[PDB]
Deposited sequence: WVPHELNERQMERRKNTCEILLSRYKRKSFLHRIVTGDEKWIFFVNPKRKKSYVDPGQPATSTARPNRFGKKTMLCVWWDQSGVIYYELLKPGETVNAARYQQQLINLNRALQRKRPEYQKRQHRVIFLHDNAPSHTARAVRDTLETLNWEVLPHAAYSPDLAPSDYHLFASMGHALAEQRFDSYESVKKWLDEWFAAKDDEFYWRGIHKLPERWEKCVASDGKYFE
């Protein structure tokens, strides 16, 4: 529940990561090459919880998976998600199909995200892996933008089935404007800047 108290180590990593990303961004914006993703539990009551695993960029959702009740993302499933995500990017993002742009990948450091096999796949796919700070959902567009917007809408839902969840998810992602996804990604520099100006603390 209540807000994690950052320690010195944590605030130092945040501040320093934000400085590095912000000075890079000022040299040359890279925001349009960011693909980012995160997992979120969705709860339904049967006549239970599924994990939503979703990846997106400034043009919209690229790929997602709703995992079967109770089941979880471990190192092996995540590696398989990335391989599928890549197949979906190739189909939905011609810029990358044509390898005229390298993907910049923004995910958190959940353990399944840094297992040996996942690291290997990431190198093979050869996406640039952006550094991500400990305890920083305020710097993760999936959390501060996508799932923040989604959680509100989901509050009013009482899902009946795994497949209702899926139905609701399809409509919800589609009814969002292109410019909704773009704003989510393009808010990053403002947040990196707030984070530097707080010295790595959480911010307003």
Legend entry - Sequence order list of spans that the model leaves without C-alpha positions, deposited numbering: 48-70
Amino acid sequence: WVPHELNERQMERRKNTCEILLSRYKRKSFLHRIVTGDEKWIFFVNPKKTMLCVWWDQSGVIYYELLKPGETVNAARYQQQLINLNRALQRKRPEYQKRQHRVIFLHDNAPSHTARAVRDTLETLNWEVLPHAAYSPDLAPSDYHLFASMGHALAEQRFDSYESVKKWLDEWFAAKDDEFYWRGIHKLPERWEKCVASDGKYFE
From here on, numbers count along this sequence of modelled residues.
Inset, instruction - Between 5-13 and 192-200, point out the one with the higher average CA B-factor as the PDB entry records it. - result: 5-13
Inset, instruction - Mind pulling up the entry and telling me whether 101-109 or 130-138 has the higher mean Cα temperature factor? - result: 130-138
Legend entry - Member of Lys28, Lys167, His145, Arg33 with the greatest C-alpha B factor (per the PDB record): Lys167
Inset, instruction - Choose from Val118, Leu125, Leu89, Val73 the residue with the greatest Cα B-factor as stated in the PDB record. - result: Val73
Inset, instruction - Ordered by C-alpha B-factor within the chain, which third holds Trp172? Give me lowest, middle or highest, please. - result: middle
Legend entry - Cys53 by Cα B-factor - lowest, middle or highest third of the modelled chain: lowest
Inset, instruction - Taking the chain's C-alpha temperature factors as the reference, tell me which third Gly60 falls into: lowest, middle or highest. - result: lowest
Inset, instruction - Sorting the chain's modelled residues by C-alpha B-factor, tell me whether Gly37 ends up in the lowest, middle or highest third. - result: lowest
